[PDB]
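Cβ sites come from the backbone with ideal geometry, for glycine too, and all protein chains shown count toward neighbours. FYI, it's all coordinate maths here, none of it is from the lab.
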Ligand code: CLA
Ligand code: CLA
Ligand code: CLA
Ligand code: CLA
Ligand code: CLA
Ligand SMILES: CC1=C(C/C=C(\C)CCC[C@H](C)CCC[C@H](C)CCCC(C)C)C(=O)c2ccccc2C1=O
Ligand SMILES: CCCCCCCS[C@@H]1O[C@H](CO)[C@@H](O)[C@H](O)[C@H]1O
Ligand code: SF4
Ligand code: SF4
């Protein structure tokens, strides 16, 4: 598969980081 | 009878309970070192985002990099023999 | 024969099915000496059960592979091929059983309708008036046609609707 | 006598004073904490408050973590690193609560003391007072976990 | 704020106005009625939505029909 | 002051008013306008606060109707003895109890249902019995069938005396209010008269009948040679042979040395390792010791003679600083209102049943309850549920008092008052305790569930893994097995064997062995605690907010039982104090149901099964503390595993459990129709069907109306609980009647 | 004639309870009741608990207009006294709520000009097409 190191890079980014940012930014937009 | 309608501040019982008056009870020996260590990050969106963008990157970094992984399908993982079903 | 079935009398699994029950039953009644009614009660059921087998085999029901008697709906099948007693006859029985109580419920509501207050007449039945209806209900097929053609069966267009 | 009364006069206010509300001890204690004082900078609270919550949070991780077996003391740093995350996560939460409730323009909404006296409102209300606290929390929050590690490999 | 509107059919029984826990409906005199009286709703502000009105109308189909709108601090009835 | 004071010929006994349904309440007397009048009749029939006003009219109806319940219970007891007389195998059981299984009910042959008669024993065919009459009737010294007919008749005779008492005390001679207002007399009598004398009377039955008889049985004689009962009290020399101290007569009782009776009055403790029951010598020494103590305790209330307390003084003399006026109001509440005095009764008298379920379990006081496991199980599950409902009774009627019988003018700065006032604190804290246990009690299984499925057993809380052990409970069992040394110096041994004692066998079965409390035992009790709190939240909230809540200030004027107030305020749906009992019944149901599954499969794991000599192999082979930590093994090892007894039975004796098992699913799933749906959809649909009947001119004169809101909620709970309990009923019996 | 101000009328004797004002009152409006008394006796308090009303004109502070008329229906139908109440909010100005006309709405007066009325029977309303994409709250407005 030759790419093998990718999942360790993405899954945390897409399972945590993005849900961390999209949790913050989507919040700050609820009240303005 | 209570009233004093000229003040609606005392009619609401809104009084802060445990807030004290006393000014700083903290020593100047340790004061002047911290007081200038907090404002290095003072700002709304350019710092909080440093915590998201730059801070959360150790999940990325040490999730991939350091070989401290325990039973992780990432790294150590499968090393034993693979299971085969009954049919194939 | 029909639909890849066989009459239960010439079936086989059906004959297992009959003679496997008595075995399990009799091996059970060997635990009771004849001076016990349980020796009699079990005996009487084994003889009771064999009666129905000689009945189901005789009457000509159709047992499929399992040996359990099936039925057949279509009139053109039941009738022509000789066994209509499964539904085709009792489907007539039921309707006369059901419509009888059906139409006996309509007259009572008519007879009790015009009064001062029909409501209390629905809670507390006067059984004589209900008996005169239970009697009168018989032959409802001929009495339904007549309320049908005379125009007294329906209430026509003074019914209430919404919009 | 009767020990229990409504709060300070008016009975029609929601709470009513009890021994854990208005007492000699509880009035003083909860007031001594680096929380309710009106006389100290908000930066100095976060470096106090957050400084503590780093140390005590390390314990669960550095004791009952996923990996509780290491010959290099890695069971301890594995808890320190993760306990340092709830330091980094809660900073996002803290700062978020500032851009929501407090408007830079709107003044302090805090109320005035316990008795007759109106004293200057809580220096921490608005974002300025709040943000100084948040970075303060981050300053101390790092220390607590740090000294927790130093206290793990020493002392 | 909820909407409440009233119709020709009123008998003026006042039985609505007795119901409102926020005292919205208030009886305005009128002519064509048998008792020459008609309700009316000066405050759509404080209609909470109880529809204790619509239960009280002796009229076959109601003289008042509450149409729930959006809901404010008052129309949610918040003590918080 | 305390007199009889009755009226005369108050009402008129005639059928005049039977033919006039709804005659009681002014609203119903007008006959049905709609179909609801049929429903609104039944719910209002036994509500005596809607009928009338004064306590004379209410109480008479209440008192005269208790005779009704007692007249029904006795027709019930009579029937149970009669079916012990004719249709039971009892004699055959009585001779060889270690084998024959108990049976009474016999099935008529028709409709091919006689297969329900199981081959059991004593040359007999009938249904199994889990009730436990046989193992009572042995302990009462009842041998022949003639004693049973004499109870059946005598029971059915005295039953007829009650309904006459019921008739006589309502129509003919009805007491006045003042008579029902005497508590201190009533409490002197009940406590001394019922319980005090009723214990002696029974302590006099055991001494002259059960103690002698049950010695001749386990000695190896059988009912054929047993002297008739009246032989025992009419012959000393016969009695003295059994116990020599009867030769002493009544002198030792009068000469005031009771150590003389140590033969037939003992203090022992522990189970008799022949019958398995408690040693029947001290049970007489039990009731006797209690009876003497009750009659004492019945004299503390004065009536005529100025000796003994009053009530009003006892309560009004307790005033603390914290509580203000203490109890000054409680007396005139509890003597002026029934629902108040009912909530207090159902509270204790409910939970007393649950307490019984532990004791009769933990130390069986009957011969041969051990060798029949279905009876010990069926009587642990029975009394819990019956104690479970009667608790929710307290939740419901306390709420009825608030809404209706409660007036402020009597209690001001009271203990009742000061509770309503801070209520937001009570409910809030309880509401936190539940959420606390929610994650800790329950969530720890989810950890155990997950850590399993991730292949890391090193983590899941267990015995090998992280130790969570019931320190205290374990530590308690230490004292009581060290008790018959110093803290209990005069004893044979410890009270029961669940403590640190040793195993006991009969008929190759385990009577009771000790029970060890492991981690899985720890985790469960906190789930018991979790449910018991949550179900207190719901009932307490129903009482405190019954009157008025913060969001609905008038709530009292809407009655005890009402649907929502508005759709407004985001909707008020289901805010009433009848509706907090609606909700409490699903948590009661849930709470108790798991109390059982804890019991049933702890008891099979760590106690029951045949004595194998070597290995003492249990029913499940002793898998609990390992088996069930996570919710993982509750499906596999319990429901799945245990339910393979009920499913494979068709054509067997217990097959009627296989039908009921499913039949209890259908009724349960059927409940969801009434809980999830709502009225206005069902009232719209009926509007269509009327068009059909109209078109055929069949329209009824009592207009069909869909069930009312709270009606549909009740029939929703009725089935959800009904269908759900009947499963475990069918699941237990089919299980153990096969296995045990 | 109808409106009045807020003189000094004491408050009824009560010992405190968790029912009452909250942090609305700080930022948000809250109500005030004034009635009178003849004898002193006890009255249900709608926020919970019982309270002793004084021998004369009284003043309370509740949290809702809803709670407020609960207490008027109380004293009007039970002790048979009139009551009238206010809307007080922190900006300092008070409004006179309740019989603004000077008469309870249950009884007819003159001078009231009623709003929110429709001169059509209900069946005579518009069907939702005829207000489409133009928009109104509903068919009842048009
Ligand atoms: C994609 C989703 C995702 C990912 C990648 C992880 C990843 C992880 N989880 Mg986690 N978890 C998740 C979802 C996820 N989780 C969810 C949804 C739940 C709730 C159902 C949990 C509940 C949970 C529990 C209860 C626990 C974990 C633990 C862990 C760690 C595994 C054990 C280990 O080796 O730690 C060893 C870790 C290290 C040696 C160092 C990690 C520290 C990194 C490198 C620094 C991160 C920097 C950054 C500031 C983090 C904040 C992010 C944010 C600011 C953007 C690993 C970091 C365990 C844990 O955290 O213990 C340590 C643990 O106990 N998880
Ligand atoms: C005896 C009076 C009577 C009569 C003539 C009818 C006639 C009818 N009903 Mg009906 N119905 C009745 C009583 C009656 N119903 C009662 C008492 C109930 C429930 C309380 C219903 C509930 C009901 C429903 C829910 C539906 C009908 C429907 C129908 C129509 C189709 C027939 C059918 O399949 O029903 C099937 C019948 C049932 C499912 C239940 C009937 C149960 C029995 C018959 C009621 C007892 C009768 C009564 C005791 C007789 C007393 C006699 C004595 C006083 C002399 C038909 C017009 C269906 C319809 O409109 O389709 C067109 C339909 O959906 N009915
Ligand atoms: C609550 C207690 C209870 C229960 C659950 C049962 C249950 C049963 N008994 Mg039983 N029994 C009881 C008490 C009870 N009994 C008592 C107290 C006695 C002593 C008198 C008996 C004596 C007895 C005998 C002698 C027999 C049973 C039998 C039976 C079984 C079948 C009964 C049957 O089909 O009815 C049959 C139903 C009828 C004959 C008529 C039913 C409808 C009538 C008309 C109702 C009467 C009107 C009214 C409502 C009731 C009386 C009021 C009056 C003023 C009019 C069944 C298991 C039989 C059995 O098990 O056979 C193996 C059997 O032979 N029982
Ligand atoms: C020694 C005196 C004595 C005794 C034994 C009892 C016994 C009883 N009372 Mg009672 N009572 C008494 C004095 C006594 N009372 C006095 C002085 C008052 C006046 C304040 C009351 C007022 C009172 C009320 C208001 C109520 C009772 C109730 C009861 C019953 C309890 C419920 C139960 O489960 O019974 C269990 C039942 C049994 C164990 C069966 C035994 C029953 C037999 C018939 C013994 C009854 C003896 C009793 C004293 C009547 C004898 C006199 C009479 C025959 C002329 C029970 C039968 C309750 C009840 O059931 O109401 C009917 C109830 O509501 N009592
Ligand atoms: C299985 C179904 C189910 C569940 C889980 C609950 C859960 C709950 N009910 Mg309940 N309820 C149910 C069915 C259920 N109910 C039904 C059918 C009825 C009808 C009668 C009711 C009626 C009812 C009433 C009347 C009351 C409750 C109450 C409660 C709460 C008690 C506090 C608690 O345990 O929180 C703790 C939470 C849990 C035990 C859930 C476990 C989940 C795990 C441990 C946490 C997950 C970790 C993490 C967040 C994962 C998410 C991450 C992801 C987003 C990435 C709780 C939320 C009571 C309440 O709120 O007061 C306290 C209350 O008064 N319920
Ligand atoms: C199913 C359902 C209905 C419909 C169910 C109804 C209308 C029950 C009516 C059926 C009754 C039981 C039929 C009664 C038949 C008569 C007793 C006549 C019988 C005479 C002999 C045959 C015995 C509601 O009305 C409803 C209302 C509110 C919330 C939920 C629901 C709900 O879930
Ligand atoms: C005898 C068993 C059947 C029960 C019904 C028989 C009586 S029939 C009964 O006769 C009464 C005479 O006044 C009428 O009032 C009543 O309406 C009628 O139903
Ligand atoms: S609205 Fe209904 S109730 Fe109110 S007045 Fe007009 S008619 Fe009478
Ligand atoms: S719904 Fe709106 S209008 Fe109808 S009563 Fe409740 S508040 Fe007054």
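Summary of computed values
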{"quantity": "Most to least packed among F:594-600, F:703-709, F:27-33 [average Cβ atoms within 10 Å]", "calculated": "F:594-600, F:703-709, F:27-33"}
{"quantity": "Average beta carbon contacts from partner chains per residue of F:119-127, 10 Å cutoff", "calculated": "3"}
{"quantity": "Relative packing of peptides F:309-318, G:63-72 - highest average C-beta neighbours within 10 Å first", "calculated": "G:63-72, F:309-318"}
{"quantity": "Radius of gyration and Dmax over the Cα atoms of chain D, both given in Å", "calculated": "20.2, 65"}
{"quantity": "For the protein assembly as shown, alpha-carbon Rg and Dmax in angstrom", "calculated": "39.8, 114"}
{"quantity": "Shape category assigned to chain F from the gyration tensor of Cα positions, a/c cut at 1.5", "calculated": "rounded"}
{"quantity": "Segments F:540-547, F:345-352 sorted - mean Cβ within 10 Å per residue, highest first", "calculated": "F:540-547, F:345-352"}
{"quantity": "Global form of chain C, assessed from the alpha-carbon gyration tensor, a/c cut-off 1.5", "calculated": "oblate"}
{"quantity": "For segment F:405-536: rounded, prolate or oblate by the Cα gyration tensor [a/c cutoff 1.5]", "calculated": "oblate"}
{"quantity": "Compactness of segment F:222-345, expressed as Rg and Dmax over alpha-carbon positions, Å", "calculated": "24.0, 71"}
{"quantity": "Whole-number percent relative contact order across chain E, with pairs defined as alpha carbons under 8 Å at least 6 apart", "calculated": "41"}
{"quantity": "P(r) tail fraction, chain B - alpha-carbon pairs more than 18 Å apart, %", "calculated": "78"}
{"quantity": "Cα centroid separation - segment B:2-50 against segment G:38-94, whole Å", "calculated": "39"}
{"quantity": "Inter-chain Cβ neighbour average for residues B:42-51, partner chain, 10 Å", "calculated": "5"}
{"quantity": "Per-residue mean of C-beta atoms belonging to partner chains within 10 Å, peptide A:4-16", "calculated": "4"}
{"quantity": "Separation of alpha-carbon centers, segment F:1-30 and segment C:119-163, rounded to whole Å", "calculated": "40"}
{"quantity": "With 10 Å bins from 0: P(r) over chain E, alpha-carbon pairs, percent", "calculated": "21, 51, 23, 5, 0"}
{"quantity": "For segment D:1-63 and segment F:441-472, distance of Cα centres in Å", "calculated": "36"}
{"quantity": "For chain G, projected area of the alpha-carbon convex hull averaged over all directions, nm²", "calculated": "13.0"}
{"quantity": "Mean ellipticity per residue at 222 nm, deg cm²/dmol - from DSSP H runs of n ≥ 4 across the protein assembly as shown, formula -39500 (n - 2.57)", "calculated": "-14000 deg cm²/dmol"}
{"quantity": "Percent RCO, i.e. relative contact order, over chain G, from Cα pairs under 8 Å lying at least 6 residues apart", "calculated": "23"}
{"quantity": "Computed over chain F: relative contact order in percent, which uses C-alpha pairs under 8 Å that are six or more apart", "calculated": "13"}
